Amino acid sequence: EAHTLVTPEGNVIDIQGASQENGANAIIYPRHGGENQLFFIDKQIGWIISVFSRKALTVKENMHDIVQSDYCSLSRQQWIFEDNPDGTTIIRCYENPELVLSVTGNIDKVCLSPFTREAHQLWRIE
């Protein structure tokens, strides 16, 4: 079933432009419930797949930028989900689990950053 990934402010991860193309950015955007803000999650595989494009959230080779791309079982496309008692989830890069799904300074783009329990590193998966 499809999930939305929600920041503390109530905005959500969003595939920019509702693109179906490889390399499209994962951004932060106001909630509208469209399929480019919905994701399938498989904890056994570790993947996070855009419902609209069927492409996987992918860490680029620089280990910071996040895009969607065709899934090819890369460690940079696999995630470890660490649940917290308050219902949030830390989403850790399988290749380097110190690095977790985070947001940029503007809080408008998803990126990878070292875990400091910063507020926007604690995602709500609904």
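Start at 1 and count along the sequence shown; that's the residue number.
Look at the mean CA B-factor for 9 to 17 and for 101 to 109 in the entry; the higher one is 101 to 109. Mean CA temperature factor is higher for 58 to 66 when stretches 58 to 66 and 45 to 53 are set side by side in the entry. Remark: residue 75 belongs to the middle third of its chain, ranked by C-alpha B-factor as recorded. In the PDB entry, a CA B factor belonging to the middle third of its chain's modelled residues is recorded for residue 96.
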